[PDB]
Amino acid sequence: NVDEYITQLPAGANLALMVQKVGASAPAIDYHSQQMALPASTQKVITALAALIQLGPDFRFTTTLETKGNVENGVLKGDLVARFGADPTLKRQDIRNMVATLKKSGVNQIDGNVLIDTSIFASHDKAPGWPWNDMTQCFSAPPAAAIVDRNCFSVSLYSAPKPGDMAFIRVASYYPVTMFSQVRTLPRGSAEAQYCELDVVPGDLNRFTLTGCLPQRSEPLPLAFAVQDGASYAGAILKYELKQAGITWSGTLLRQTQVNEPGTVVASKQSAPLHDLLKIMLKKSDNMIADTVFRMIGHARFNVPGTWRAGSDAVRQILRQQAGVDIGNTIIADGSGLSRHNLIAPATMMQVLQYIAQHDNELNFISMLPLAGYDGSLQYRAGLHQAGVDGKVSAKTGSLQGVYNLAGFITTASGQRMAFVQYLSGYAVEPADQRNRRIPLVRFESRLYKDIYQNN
């Protein structure tokens, strides 16, 4: 009763839907299944499959400290290279530990430069089609080769006691960022409060200026922002940890972007295995893991510094050549599904899902998807709960402004496992219905998935 369920949805919402028994060649439900749509975070299903095929479940991201030169009486005569590898889980502590290892190895002083090497990747750290306005948000932090603590930092914004005075910013001292406030404090119930925005404006070298207005508040406003220049940020963290460990140097911090032969590895950190990281990625919809993996796929397949284009080409090739899926006119722009350039039909995603199901004993893939009513993004999915399908749906969600997708597997009343793709976009509610905007979605899903479960 798809057309009927559609009437639950806001005016003019666009659904493309396909439901098909695992291993079958004809769908049970086909509603605009050939139509292209924005996949949002369901793109991560493709990223995970191509990643397992190209890199394997035991791949680890790695970061090293390398020396180029001889060490004479504790002095490195040459450069220290910190070679980053797009590990999305690297932490400040890891940098601190690698420096401790460097110190313990006998290096007290560097007669030379400190190089922040990001040559594993090239070109922009932002995928084509990502909205500019989200670039300062942590969910869209540029997934650079140099990541520390997810390239996200937090700040506290305090209103001035005196209306009219500048709001002021508190930030922890260890974050190598530079904050400026041009934020005017407003009285509690100002009319100027209506159209005066509070904005963040990023500058070079991880400078951020806050502008606009802030109404007086009793508690400081917590804000979190994305680092725009990972290389500089990681360099500053490295500089701080070197100084704390008493290692001095004569040169400066420089970027090394061109491919080069590695020095001797004196310290290293490897991530958890790729299967573990893909699990986090699929359970929680981790954009940063998805996108670091995506550019790593292209680097590994083509032996070139990883770029968005190389990743797109690689994923297409892997799907066709290793999984037997020709994605045709599909557009793959990134790994996370954030890009509004991504475009794929349910019927194409269905081929991917059918491949995964067929090879699931090899891939151990379906166990990584959120299980409705249990974990990940589906722990609390109201539509699926009310449908009676908790514990019976393993599926990847995808959500952007106006896009509410699901893609995965359902075990039905008969025990038949079915793959399904729900691509719902163009979803918008009347301006006076905003913080209720999700009830039509919930009503739609409750009915749809009960139907699928009960009738198959």
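Between two forms, the rigid core is the largest collection of C-alphas that superpose within 1.5 Å. Throughout, we count residues from 1 along the sequence that is shown.
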Report summary line: Between 181-189 and 307-315, the one drifting more in C-alpha RMS in 5 other deposited structures of this protein once the core is aligned is 181-189
Report summary line: Stretch farther from shown form by Cα RMS in 5 other deposited structures of this protein, picked from 374-382 and 143-151 after core fit, is 374-382
Query raised in the report: Would you say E445 is missing from a third or more of the other compared entries?
Result: no
Query raised in the report: Is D58 left out in a third or more of the other entries?
Result: no
Query - Entry-level comparison of average CA B-factors, 433-441 and 9-17, reporting the higher stretch - result: 433-441
Query raised in the report: Where do the C-alpha atoms have the higher mean temperature factor in this entry, in 185-193 or in 80-88?
Result: 185-193
Report summary line: Highest CA B factor of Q137, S285, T292, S156, as deposited, is found at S156
**Report entry** Deposited CA B-factor, highest of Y240, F168, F208, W308
**Finding:** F168
Query raised in the report: C-alpha B factor of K44, ranked within the chain: lowest, middle or highest third?
Result: lowest
Report task. Looking at the entry's B-factor column for C-alpha atoms only, identify whether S414 ranks in the lowest, middle or highest third of its chain. Result -> highest
Requested in this report: Report the third (lowest, middle or highest) to which the CA temperature factor of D117 belongs, ranking only the modelled residues of the same chain.
Outcome: middle
**Report entry** Third assignment of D326 from its chain's C-alpha B-factors
**Finding:** middle
Query - Cα B factor band for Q109 (lowest, middle or highest third within the chain) - result: middle
